[PDB]
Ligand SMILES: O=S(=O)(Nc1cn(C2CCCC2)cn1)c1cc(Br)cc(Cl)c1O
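Only one chain comes next, encoded as structure tokens, the form deposited without the named molecule.
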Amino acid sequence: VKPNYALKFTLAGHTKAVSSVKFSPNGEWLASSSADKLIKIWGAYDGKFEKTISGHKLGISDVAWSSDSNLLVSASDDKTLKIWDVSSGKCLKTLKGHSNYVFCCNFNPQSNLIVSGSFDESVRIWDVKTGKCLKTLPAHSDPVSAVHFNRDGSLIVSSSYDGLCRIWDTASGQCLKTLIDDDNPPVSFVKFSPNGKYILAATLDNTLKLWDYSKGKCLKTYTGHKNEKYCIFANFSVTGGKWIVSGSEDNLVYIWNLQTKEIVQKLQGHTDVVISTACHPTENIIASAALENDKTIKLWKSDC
């Protein structure tokens, strides 16, 4: 079994590199963030432009949706995070506290909290209602590349250029586990599996690794792609066949069989590094976005 992802739409509009694409939990929309300081909303099924959301003073590295699809959070080079009302496009809160670029962000499932990672090497936990910083974790010794809550929001996983993956207890702010491997190459991306039992981690040695973080064992390795410079988003594709999806520095979207580790498809079309990929919550749809020499978002559809 192999998917047959085929190009459906090319979404043009960003004037600089696209940095992150995410599907709304309700599947109706795709949100994109960019170095052009804008957040754009698109129709997930027709690729139709919906609206531009603005307010950040500098480029945005990440955007994330709340569980009800009503809010977005964005992480910017301006050292802040902003919480946006999607329907109005209005900035509800500006989260201030990071002392360097904000790189990654996510809401917890309950969506009362936001987790952020910054070049300031810290991980911050924010209260959505007040915009107050609840906890500052001295998480890593280098820029924090990714932060993600697990399925029940009890845990946060963070990754850094320091070569470590750390699992944190959300309520206590304490570090539960540190994952180290080989010679500690920079960790460019991390996220929990949908069941929260595993973590998918990308390293700048052209490798993706599936970890059983509690047992501290690497179960699978995904290679063949190019990843030595950028913090490229990777995903678990679960709507059809069980795949691992990632962008690559060779301008391709890579799709591996989760179990066998074999490359099942390479999606050609982008003209620059595919920095971000996202998997649709209900349909076999992939959104992919590329850097400065491309600046577009592509929507791909598969039968499986």
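The first residue of the shown sequence is 1; numbering continues from there. Each form is matched to the other, and the largest set of C-alpha atoms that superpose within 1.5 Å is called the rigid core.
Quiz item: Which of the two stretches, 124-132 or 179-187, moves more in 9 other deposited structures of this protein when the core is held fixed, judged by C-alpha RMS distance?
Solution: Of 124-132 and 179-187, the stretch deviating more in 9 other deposited structures of this protein is 179-187.
Quiz item: Hey, which bit's got the bigger mean C-alpha B factor in the entry, 210-218 or 154-162?
Solution: Per the PDB record, 210-218.
Practice problem: Higher average CA B factor in the deposited record is what I'm after, so tell me if that's 261-269 or 25-33. | Solution: Comparing averages over the C-alpha atoms only gives 261-269.
Quiz item: Taking the values straight from the PDB record, which of 201, 91, 71, 137 has the highest C-alpha temperature factor?
Solution: Result of the comparison over 201, 91, 71, 137: 91.
Self-check item: Highest-ranked of 196, 109, 186, 143 once sorted by CA temperature factor in the record
Solution: Across 196, 109, 186, 143, the entry lists the biggest C-alpha B-factor for 196.
Quiz item: Lowest, middle or highest third: where is residue 45 by C-alpha B factor in its chain?
Solution: Its C-alpha B-factor, which the entry lists for residue 45, ranks in the highest third among residues of this chain.
Self-check item: residue 116 - which third its CA temperature factor falls in, relative to the rest of the chain
Solution: Lowest third, going by the recorded CA B-factors of the chain.
Quiz prompt | Where the record places residue 62 (Cα B-factor, split into thirds across the chain) | solution = Ranked within chain, residue 62 CA B lands in the lowest tercile.
Self-check item: Chain-relative CA temperature factor third for residue 78
Solution: Tercile = middle for this residue's CA B-factor.
Quiz prompt | Modelled-residue ranking by C-alpha temperature factor, third containing residue 175 | solution = Tercile = middle for this residue's CA B-factor.
The same protein also has a form deposited with the named molecule bound, omitted here; what follows describes it.
Self-check item: Heavy atom within 4.5 Å of the named molecule in the deposited complex - residue from 220, 135, 177, 226
Solution: Contact residue from the list: 220.
Practice problem: Name the residue from 258, 253, 278, 53 that puts a heavy atom within 4.5 Å of the named molecule in the deposited complex. | Solution: If I apply the 4.5 Å criterion carefully, the residue I get is 258.
Quiz prompt | Options 169-177, 127-135, 90-98, 186-194; stretch whose heavy atom lies within 4.5 Å of the named molecule in the deposited complex | solution = Looking at the other structure, the answer is 186-194.
Exercise. May I ask you to check whether residue 236 falls inside a 4.5 Å heavy atom distance of the named molecule in the deposited complex?
Key: Although the named molecule is absent here, residue 236 would touch it in the deposited complex, with heavy atoms inside 4.5 Å.
Quiz item: Any of the heavy atoms of residue 86 lying within 4.5 Å of the named molecule in the deposited complex?
Solution: No, residue 86 sits far enough from the named molecule in the deposited complex that none of its heavy atoms falls within 4.5 Å.
Quiz item: Would residue 210 count as a contact of the named molecule in the deposited complex, using a 4.5 angstroms cut-off between non-hydrogen atoms?
Solution: Answer yes; at least one heavy atom of residue 210 falls within 4.5 Å of the named molecule in the deposited complex.
Quiz item: Contact between residue 57 and the named molecule in the deposited complex at 4.5 Å, heavy atoms?
Solution: Residue 57 lies outside the contact set for the named molecule.
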